[PDB]
Structure formats: structure tokens, C-alpha cells
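Participant: Handing you this structure, nothing more for now.
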Amino acid sequence: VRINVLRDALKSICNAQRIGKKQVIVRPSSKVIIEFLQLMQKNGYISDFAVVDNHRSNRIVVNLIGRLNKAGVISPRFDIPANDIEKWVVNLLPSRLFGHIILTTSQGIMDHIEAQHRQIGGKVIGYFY
Amino acid sequence: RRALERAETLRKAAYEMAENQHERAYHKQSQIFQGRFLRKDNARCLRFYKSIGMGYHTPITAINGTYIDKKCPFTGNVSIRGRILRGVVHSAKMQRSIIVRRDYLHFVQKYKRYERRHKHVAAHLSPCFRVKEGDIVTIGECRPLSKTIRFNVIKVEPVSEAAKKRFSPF
Amino acid sequence: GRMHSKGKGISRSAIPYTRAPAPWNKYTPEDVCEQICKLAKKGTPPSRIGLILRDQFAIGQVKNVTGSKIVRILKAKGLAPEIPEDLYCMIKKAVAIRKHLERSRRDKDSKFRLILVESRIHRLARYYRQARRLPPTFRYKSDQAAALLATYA
Amino acid sequence: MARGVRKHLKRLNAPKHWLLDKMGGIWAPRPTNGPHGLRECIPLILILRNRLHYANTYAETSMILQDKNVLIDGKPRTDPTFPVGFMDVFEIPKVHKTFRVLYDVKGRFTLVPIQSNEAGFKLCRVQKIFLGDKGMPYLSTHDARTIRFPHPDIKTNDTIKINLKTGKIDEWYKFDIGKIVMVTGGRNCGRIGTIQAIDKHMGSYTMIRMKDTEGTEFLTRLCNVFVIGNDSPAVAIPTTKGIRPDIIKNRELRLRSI
Amino acid sequence: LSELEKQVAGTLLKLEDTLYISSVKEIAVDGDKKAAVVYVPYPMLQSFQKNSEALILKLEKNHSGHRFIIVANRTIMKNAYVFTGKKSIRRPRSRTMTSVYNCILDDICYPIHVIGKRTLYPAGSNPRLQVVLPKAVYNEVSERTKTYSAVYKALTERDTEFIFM
RNA sequence: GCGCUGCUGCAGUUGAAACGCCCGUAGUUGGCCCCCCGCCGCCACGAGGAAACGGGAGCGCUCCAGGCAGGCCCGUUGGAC
Ligand SMILES: [Mg+2]
Ligand SMILES: [Mg+2]
Ligand SMILES: [Mg+2]
Ligand SMILES: [Mg+2]
Ligand SMILES: [Mg+2]
């Protein structure tokens, strides 16, 4: 059965971008998907997207512009301490200069840079670069 | 009038307990001096009760009941001190005792994951409470009352019928 | 067809986006309620009731006219069956299998099917015992199923 | 399990705030029971030998004490292991030196020199009120002293001024919001501040929130909060006013002194 | 208890030759034209819904100066559960903010049934919702879309725009 | 060393290895939705609680392994955390 909606969305996005497509459709919508996409948009990877209402299982449309090279999720939400972020950054990211790691906190969904700025920790959602 | 009715019931019960010749001993409240029961007037109290003191309230059943229990926290001679805990009822077969199930989590660092663990804790249940399996109870710590008992029930919250068993840390 | 099989079709129904009644609707929310009343008195299951309403009276969806579903209306009117319909039909099918089998007991596929049906019955009955839609004492027994069928029908 | 009480003390097992060298020896002095406990005291010999340096060995200290050359709260003490505690009076008439034992910000015992006018008394913390024989009201303190027939207006955790010559109460300071205090236990020993809040939990500890003169705020449990007056200290305090510097400023001060 | 209500009530008293209103709210638009929203009590919205197109046309024709819209006043509660200390009080779903806004949107254009909704998330611009109306009806409603957007923004801070598809 | 015990992080057509198939209890895992109330986990801060060891500030035992010393005109000389 379906479980991780975000994983399916990200796999579809990467698949489409691989063959240089321009638009994608991901079937189930969710708040977490929306925040993930908003962060991606603010960082400049996926431009604009739209949410289509149908009362059940809202669909989404996203517009691509290359740029993105990889995206993923970490299924079991591990609890990163505030001072334990560097190890995950080194393990997961190609370099310590341009990748982004997403965390969910009591202060909301933000990036690892922002969490380091506020010296707080939380749970990990995913990554993109 | 209301007061007069209560004394009659309290006065009356002590006499059936004297007519239950199958019992070997006469059970009485230590605090009360046996002798007030021959006073026709109602100028002396016939039942003893106290307050737990941690914000809990004394049930009406204890105050208006007609039972004797030296291990009850309200009408007896024990004191609540220490830790307060919550759990679910696992078994209720003994005369005035139950087994309480407590659920908690254990973390394993190597795998960065958890395990579910449970423990069984026995407690004394006073006749002022009605309890069936699956109910939620609050237990308070007391002095050693027996080989495996150091807790007394002080609150009961009912649980509905055929409710599915669920892992409930408290 | 997934729980007890290997198939996976997708034949379903797709209701409209808008919840309003038809522009040619000429029925107040009550008029249907009486029609439901008389149909139920004739021992008609709700699914057949919806079929009859849709075909004969041109009502695509009852909820869009009355704001409520058929079984809720029946319960408010005190006419809903004690035993839910899906479970009752499963028990019918089990009884039929058992009868055909006691006529002749060399058929193994029939026993296979009976096993599947009883498993489904147990699962659904457990779910209904939870949610307090059935008495806690309700239990399904193979040898007394026909009796319950007769009384609970 | 030992069959009786303990009489020795390994040096490595001694309290840290005594500042005893690892290589001094296997053993350390074992204080005898008295006004103060093991972990809230310091033996006399340590003060007389390792600080003031008037003696260089155990024997010299023994002679000095048995010749009656130190008075503790007006009474000569000949025990080298006698325990000295907080807000005690240390007078040596032979050299006209008078000290009051207090806490430094770092959390160690210090000797603050005093005058003649304020050396006739001491401050005590009352932590227990009980009925003794015949129902007579009583009152105890942190230095293991009991006083009969106290004023009803005196409650627990209050502070009491008593004349050294005569154990009679003069005035008392209540435990209330807005009163200067001094912390005597834990991570914040030696800090001085004013009470801002009091929060109690039924059946557990009571937590006190204090604010320092500079605006810093800190928390500690009520078991080690000592009142030292009404908004202004009643006794002379160290040169610093209960301000703990950060590691950076302490390093700057060290470099300056280098 | 304001001027507008006086003349609208007089109008209503003229129109019949049983139903009363709660209040009247007036919202401004970029043009000199404004909008008047009439807050109908909930139990009689359907009472003012059957033949209300004529009602609004006649009301506009009597007192010109701004268009008239009829909506119901619904309450919004700010807690899914309420803890009295002994039990819990559950908030009905009808009192949520999301349901109320959708009902408002349907009521603003009650005669014409909405066919779809979409919300766009531009790179820099604030997210905005765009709805889809039947392609059959246009010139009737083309001239009252700015007012609809303004009233929706006023009641709900969420912004929007209108198209036909 | 060994990603040859694999949480990070192995392998399972043919090299060693997918139960003959189905039902099924414990166990594990479970779509979307309510803007704030209570509870569990979670994050941060704090109190409280021995040192030695380890880390670490300062000091030329001639250096060093070490030790907590030491200088005169010393934070109240220091042994902070
Ligand atoms: Mg299955
Ligand atoms: Mg399928
Ligand atoms: Mg191998
Ligand atoms: Mg082979
Ligand atoms: Mg092989």
C-alpha cells in the first residue's frame, strides 16, 4: 500500500527532470509536500507549482528548469541534536557549500543552515542539491 | 434528617456484622470508640475519614460506605508518599488486589531506534472503587503492605466496551 | 479484488464535483423520506433503495437533496437493520456454501471458498464489535448461523 | 559492608573545593562531628597550615591549638579536625586578626577580615521548628544549635542574629520577595542576588528565582538560599560583590596578573 | 441602526406587494462603486435564497450607488477540543475556518455553481487562489468580478481572481 | 585490516542462499483532512549529584615523560571550565 507520499513525489520529479521534461503531476497532496516545494522554490530549483482541488486526493503541477541533481527522503525520522548536524552534512551532501538538508522542528520546517543559526535541533525530513 | 438517615445505616450495619457468626473476628474501625452506637442521639460521629492531600478528592462511597479496610487510604491507617503513576488494569482476581500494566519505551543507541517494554505492578484496591480489565488507574506509593505490594489505588477512569487493546504510555 | 485474491481491477464509480441538486429537481427533502419509509417497510436493502431512486426518480445522489445518507435517515426513523447489510450477505453466502457442501463433501474448492468467507466475516465482525455498532456478546458460530440469519433478517 | 562507622578518608575521595594536592599523600584529615557536616565544612588545620601558613606540619598545628591560640565563636578549640563552616567567626588575638568565613564566587571558603563592632554576633538559618519535652517550643539552625522559646513571628527558612557572648535572638529577617540573599550550595555558590519569584510543587522541591545586581538571573533550590539582610547585607562581604565572571574575563585577569 | 438599514428595510416593506436581516456591511472597491453585504441569519439563508436574484436586482434598482450581496453569518471556533478539566468538548467540523471560507465563497456567487478551485504558488508573489466558473455564463458576471474579489479579500484576507473555463 | 556480520553499510536468476501454495494470531507497519485545549514521545535550557582518568586555561621541573606550582611591587597570586 501507499505510505510515503513525499518519496513518490520526489522520485517522479527526478524521473521527469532526467529526460528534460517541463511539467510533472504528483497525485496526492499534503502540507509537508507543499512546504518542501516552497523551500525548493525559494532556493531556486523548481520555479512555480499549482495545487488542484478535487475534494479527495488533491493533485499538484510543478514546472521544472533543470538545476536539480538529486532529491530524497529519510524514512525513519531521526532526532538530530543541534550539535550533531555536521556529521550528517558530511555523510549526505557532496560539499559543505551548496547542499540543503530539511528538518522539522517546533519552530517549523527549515534548513540546516537556519537551524545552526538558531542553535536548535529536531527531526530530519530529506535533502536536495 | 439527612444526617439521621446516615447514622441509622451506619448503626444498622454494625449489627448484621455481629450477626454474621460464620466470621471468626469482629472487624471495627480503630479510630472509633465502640460505645457511640448505643447513643440514640446523633451527637457523635460513627465513621472516620481523611483527605489524601495531593489535590485528590475523597469519594462519596468511602464517606457513606459501610466497609472496614485497614489498608484503604481514605478510611484506613496508611499514608500516601512518594511517586504517583498511571497504568491500565491487567487482572482483577484477588480479594482486594489488582495487577497494573505499565508501558514505556527503551532507546538503543547503536540502531537509533526504540523498543516497547512493559512491567506488571501489583496494588491494593479498596472496596470504594469498581474496576474491570482495561480501566485506567492512578496509584500512590505506600509502605510495604505485603510481599509484592507497595501501591494503593486512588483514582479510576472507566474504559468503554470491546475497546481495542492499545499501547498506552503514561 | 485484492484481499483474498490476486486480481486488481479498478471498476468503481466517480461522483460529480458539485454537490448541488439537479436543475430539474422537483422533490423537497421530505418527499424522498416518505419514499424511503415505504420502500424499507417492504424489506428493501439500502443499496437497492439507491438504485430504485436513481433509476425511477432521477436522483443521482440522496445526500445532495437531503444532506444526509440513507442509513442515517433510517436510523433517525428507527428502521435500520440491527445487523449491517454487508455482513448479513456474507453470512448468507456462507450458509449457502455449507448447505451445498453437506449435500456432497468431495468438493474441495468449496471448502477453500468457505474458509475465505469465514475469515472475512470474523474480521468485519471484530471491527463492528469495536466502534460499538454491535453488542459485545455478538459472535458468529457455524452451526447456529442460519438461526441468526432468520431472526436478524 | 563495614561493621561500623568510618574513621579514615582517602585524599582522592575528599571534596574538590578543599583544593588538596594529589601528591600530598594517601590520606586527608577526617573532620569530627560538630556544628557542620563533612561536605559543608573545612578542617581547622587546612586553614591554619595550607592557607595562613603559620604552621608547616600537623604537629605544629597541634601545639598551637593545645596552647589555646584560636577562638571559634568565642570558645577555644583544641581539635585540629574541628569543622569550620559558613558565617563563622575566626579570631586570633595574638595577632589581632579577625576573619569571618564566607564563600567566594568560585565556590570555596574564604576569610573576610572584620571589625570589632560586628564580631559579637553571627547569622544563622532556621530550618526546623519542633516541640520538645513537655511540649516546649524549640528551634534549630544550620550550625547545630537549639534555642528554646522562640518568638512566634519566626518561621522556617528565616535568618536569625544571635550575640556570640549570649545565645539570645535580637532581630530576624523573613524569607520574602525582595530580600538580598546569598547562595551556599550547588553550581552557584558565592553568588549574591535578590529574590524575584517563588514556585512550590506539592511533595517535591521549591525553586527560587534570583536576579543579580547586573541583571543576570539564576535558579536554585530553597535548601541552599541564605538571607543576609533586608536589601543590603548585614555583614562585611568579600571585595567582589558576588559576581562570577565568564571564562573570557577570568582569562584576561589572569593574563593581566601574569 | 444606521442609515443604509433604514432605506433597505423600507424597500423590503415595499417589495412584498416574514423574513428579517441581521446587519449590513459595506466594502469599498477601486472604482467609486462599492458593495453592500447583507448578513442573513443562518436558519433563513435558504429562505432568502430561492428568489433572491430578483431581490438583489430590485434592491440595486431602488438605491443605486453599490451592488448588494446576501450572505449568512457563521461562527468560527478556535479549538478542536475544549478541556473543562473533567471531560472534553469536541468542536463540530462546521465551525472550522476552512469550511466557513468555502461556504462564503459559494454564497457570494450562489446562483452560479463553482466548477473548480486552484491555488498558485509563484516564486516571489504571495500565493493566490483562482476559481473556475461555467463557460456558459459570462457577460452576466463579467462586470461583477472585481467586487467579488474585493469582498472575498475583505471577509477573508486570502486574495483571489476570477476566470471562466 | 573487513562494506568477510553490513544501523550508517553486504548478498539472495546462473557463484552460498526466496518456505510448494493459501488462511492466520502475537509482532511490525499503516492514505488525506481541523491553527492554537490536555496527555506521550521529541528539541533547547536549567537544577541536583565524588574525585581520579579524558579534554582543556596559566605556569621554562635546564627540555621531556610530568607536577600544580610560583613571583615579588602578585585577581583576596593561582589551581578556571
Ligand atoms: Mg493479506
Ligand atoms: Mg490498484
Ligand atoms: Mg560475501
Ligand atoms: Mg549449480
Ligand atoms: Mg546457487
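Ligands are numbered from 1 in the order shown, chains are lettered A, B, ... in the order of the C-alpha cells, and residues start at 1 in each chain.
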Determine which residues of chain A DSSP labels as alpha helix (DSSP H) from the backbone of this structure, then write them out as a ChimeraX atom specification.
Facilitator: /A:5-18,31-43,85-92,112-118
Participant: Export, as a CSV table (one decimal), in the first residue's frame, the selected residues with N, CA and C atoms.
Facilitator:
```
chain,number,residue,atom,x,y,z
A,5,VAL,N,4.1,9.5,0.7
A,5,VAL,CA,3.7,10.3,-0.4
A,5,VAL,C,4.9,11.1,-0.9
A,6,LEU,N,5.7,11.6,0.0
A,6,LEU,CA,6.8,12.5,-0.4
A,6,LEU,C,7.8,11.8,-1.2
A,7,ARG,N,8.1,10.5,-0.9
A,7,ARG,CA,9.1,9.7,-1.6
A,7,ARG,C,8.6,9.5,-3.1
A,8,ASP,N,7.4,9.2,-3.2
A,8,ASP,CA,6.8,9.0,-4.6
A,8,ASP,C,6.9,10.3,-5.4
A,9,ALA,N,6.5,11.4,-4.8
A,9,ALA,CA,6.6,12.7,-5.4
A,9,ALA,C,8.1,13.0,-5.9
A,10,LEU,N,9.0,12.8,-5.0
A,10,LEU,CA,10.4,13.2,-5.3
A,10,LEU,C,11.0,12.3,-6.4
A,11,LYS,N,10.6,11.0,-6.3
A,11,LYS,CA,11.1,10.0,-7.4
A,11,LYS,C,10.5,10.5,-8.7
A,12,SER,N,9.2,10.8,-8.8
A,12,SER,CA,8.6,11.3,-10.0
A,12,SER,C,9.3,12.5,-10.5
A,13,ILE,N,9.6,13.5,-9.6
A,13,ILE,CA,10.2,14.7,-10.1
A,13,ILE,C,11.6,14.4,-10.7
A,14,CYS,N,12.4,13.6,-10.0
A,14,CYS,CA,13.7,13.3,-10.6
A,14,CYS,C,13.6,12.6,-11.9
A,15,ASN,N,12.7,11.6,-12.0
A,15,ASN,CA,12.5,10.9,-13.2
A,15,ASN,C,12.2,11.8,-14.4
A,16,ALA,N,11.3,12.7,-14.1
A,16,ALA,CA,10.9,13.7,-15.2
A,16,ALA,C,12.1,14.6,-15.6
A,17,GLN,N,12.8,15.1,-14.6
A,17,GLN,CA,13.8,16.0,-14.9
A,17,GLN,C,15.0,15.3,-15.6
A,18,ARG,N,15.1,14.0,-15.4
A,18,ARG,CA,16.2,13.3,-16.0
A,18,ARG,C,16.1,13.4,-17.6
A,31,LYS,N,0.5,18.8,3.2
A,31,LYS,CA,1.1,20.0,3.8
A,31,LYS,C,2.7,19.9,3.7
A,32,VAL,N,3.2,18.8,4.0
A,32,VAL,CA,4.6,18.6,4.0
A,32,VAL,C,5.2,18.7,2.6
A,33,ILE,N,4.5,18.1,1.6
A,33,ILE,CA,4.9,18.3,0.2
A,33,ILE,C,5.0,19.8,-0.1
A,34,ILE,N,3.9,20.5,0.3
A,34,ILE,CA,3.9,21.9,-0.1
A,34,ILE,C,5.0,22.7,0.5
A,35,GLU,N,5.3,22.4,1.8
A,35,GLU,CA,6.5,23.2,2.4
A,35,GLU,C,7.8,22.8,1.8
A,36,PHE,N,8.0,21.5,1.5
A,36,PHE,CA,9.2,21.1,0.8
A,36,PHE,C,9.3,21.8,-0.5
A,37,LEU,N,8.3,21.9,-1.3
A,37,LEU,CA,8.3,22.5,-2.6
A,37,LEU,C,8.5,24.0,-2.5
A,38,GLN,N,7.9,24.6,-1.4
A,38,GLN,CA,8.2,26.1,-1.2
A,38,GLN,C,9.6,26.3,-0.9
A,39,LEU,N,10.3,25.5,-0.1
A,39,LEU,CA,11.7,25.7,0.2
A,39,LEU,C,12.5,25.5,-1.0
A,40,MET,N,12.2,24.5,-1.8
A,40,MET,CA,12.9,24.3,-3.1
A,40,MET,C,12.8,25.5,-4.0
A,41,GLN,N,11.6,26.1,-4.1
A,41,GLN,CA,11.3,27.2,-4.9
A,41,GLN,C,12.1,28.4,-4.4
A,42,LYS,N,12.2,28.7,-3.1
A,42,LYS,CA,12.9,29.8,-2.5
A,42,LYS,C,14.4,29.6,-2.8
A,43,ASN,N,14.9,28.4,-2.8
A,43,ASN,CA,16.3,28.2,-3.1
A,43,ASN,C,16.6,28.2,-4.6
A,85,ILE,N,24.8,18.0,13.5
A,85,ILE,CA,24.4,18.2,12.2
A,85,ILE,C,25.6,18.1,11.2
A,86,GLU,N,26.8,18.4,11.6
A,86,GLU,CA,27.9,18.3,10.7
A,86,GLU,C,28.2,16.9,10.2
A,87,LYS,N,28.0,15.9,11.0
A,87,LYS,CA,28.3,14.6,10.5
A,87,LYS,C,27.3,14.2,9.4
A,88,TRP,N,26.0,14.5,9.6
A,88,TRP,CA,25.0,14.2,8.6
A,88,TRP,C,25.3,15.0,7.3
A,89,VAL,N,25.7,16.3,7.5
A,89,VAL,CA,26.0,17.1,6.3
A,89,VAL,C,27.2,16.4,5.5
A,90,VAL,N,28.2,16.0,6.2
A,90,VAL,CA,29.3,15.4,5.5
A,90,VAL,C,28.9,14.1,4.9
A,91,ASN,N,28.1,13.2,5.6
A,91,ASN,CA,27.8,11.9,5.0
A,91,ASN,C,26.9,12.1,3.8
A,92,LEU,N,25.9,13.0,3.8
A,92,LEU,CA,24.9,13.1,2.8
A,92,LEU,C,25.2,14.0,1.7
A,112,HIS,N,19.1,23.2,7.4
A,112,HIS,CA,20.1,23.0,8.4
A,112,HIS,C,20.9,24.3,8.7
A,113,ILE,N,21.1,25.1,7.7
A,113,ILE,CA,21.8,26.4,8.0
A,113,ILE,C,21.0,27.2,9.0
A,114,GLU,N,19.7,27.3,8.8
A,114,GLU,CA,18.9,28.1,9.6
A,114,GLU,C,18.8,27.5,11.0
A,115,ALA,N,18.8,26.2,11.2
A,115,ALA,CA,18.8,25.6,12.5
A,115,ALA,C,20.1,25.8,13.2
A,116,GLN,N,21.2,25.7,12.4
A,116,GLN,CA,22.5,26.1,13.0
A,116,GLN,C,22.6,27.5,13.5
A,117,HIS,N,21.9,28.4,12.7
A,117,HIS,CA,21.9,29.8,13.1
A,117,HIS,C,21.2,30.0,14.5
A,118,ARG,N,20.1,29.3,14.7
A,118,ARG,CA,19.4,29.3,15.9
A,118,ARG,C,19.8,28.3,17.0
```
Participant: Neighbours of ligand 1 within 10 Å, counting only C-alpha atoms (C1' of nucleotides) and all ligand atoms, as a PyMOL selection string?
Facilitator: (chain C and resi 2-5) or (chain F and resi 23-24)
Participant: Residues near region 158-161 of chain D, anyone? I mean within 9 Å using only C-alpha atoms (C1' of nucleotides), not counting same-chain ones fewer than 4 positions away, as an MDAnalysis selection string.
Facilitator: chainID D and resid 121:127 141 154 168:175 226:229
Participant: Output as number ranges by chain the set of chain C residues within 12 Å of chain E, with distances taken over only C-alpha atoms.
Facilitator: C: 16-23
Participant: Provide as a list in words the residues of chain C at most 12 Å from chain F, counting only C-alpha atoms (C1' of nucleotides).
Facilitator: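 Residues of chain C within 12 Å of chain F, counting only C-alpha atoms (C1' of nucleotides): residues 3, 4, 5, 6, 109, 111, 112, 113, 114, 115, 116, 117, 118, 119, 120, 122 and 123 of chain C.
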Participant: Kindly work out which residues sit at most 8 Å from ligand 5, using only C-alpha atoms (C1' of nucleotides) and all ligand atoms, and give the list as a list in words.
Facilitator: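 The distance check yields residues 14, 15, 16 and 17 of chain F.
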Participant: Can you pull out every residue with an atom within 7 Å of ligand 2? Use only C-alpha atoms (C1' of nucleotides) and all ligand atoms and format it as a PDB file with C-alpha atoms, in the first residue's frame.
Facilitator:
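Result file is part-v5.pdb:
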```pdb
ATOM      1  CA  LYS C   8      -6.546  -5.972  -9.241  1.00  0.00           C
ATOM      2  CA  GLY C   9      -9.179  -4.256 -11.346  1.00  0.00           C
ATOM      3  CA  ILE C  10     -10.373  -0.711 -10.764  1.00  0.00           C
TER       4      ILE C  10
END
```
Participant: Identify which of the residues F:13, F:38, F:43, F:1 lies closest to ligand 4, counting only C-alpha atoms (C1' of nucleotides) and all ligand atoms when measuring atom-to-atom distances.
Facilitator: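 Smallest distance to ligand 4 is found for F:13.
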Participant: With only C-alpha atoms (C1' of nucleotides) and all ligand atoms counted, collect every polymer residue having an atom within 10 Å of ligand 3; state the result as a VMD selection string.
Facilitator: chain F and resid 3 to 5 10 to 11 16
Participant: Could you state the separation of CA of residue 80 (chain D) and CA of residue 65 (chain D) in Å, given to one decimal place?
Facilitator: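 CA of residue 65 (chain D) lies at a distance of 7.1 Å from CA of residue 80 (chain D).
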Participant: For region 141-147 of chain C, please output as a list in words all residues within 9 Å (counting only C-alpha atoms (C1' of nucleotides); exclusion window: fewer than 5 positions along the same chain).
Facilitator: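 Close residues of region 141-147 of chain C: residues 91, 92, 94, 95, 98, 118 and 152 of chain C.
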Participant: Can you pull out every residue from region 13-69 of chain A that DSSP, working from the backbone, puts in strand (DSSP E or B), and format the result as a PyMOL selection string?
Facilitator: chain A and resi 23-26+49-52+59-63
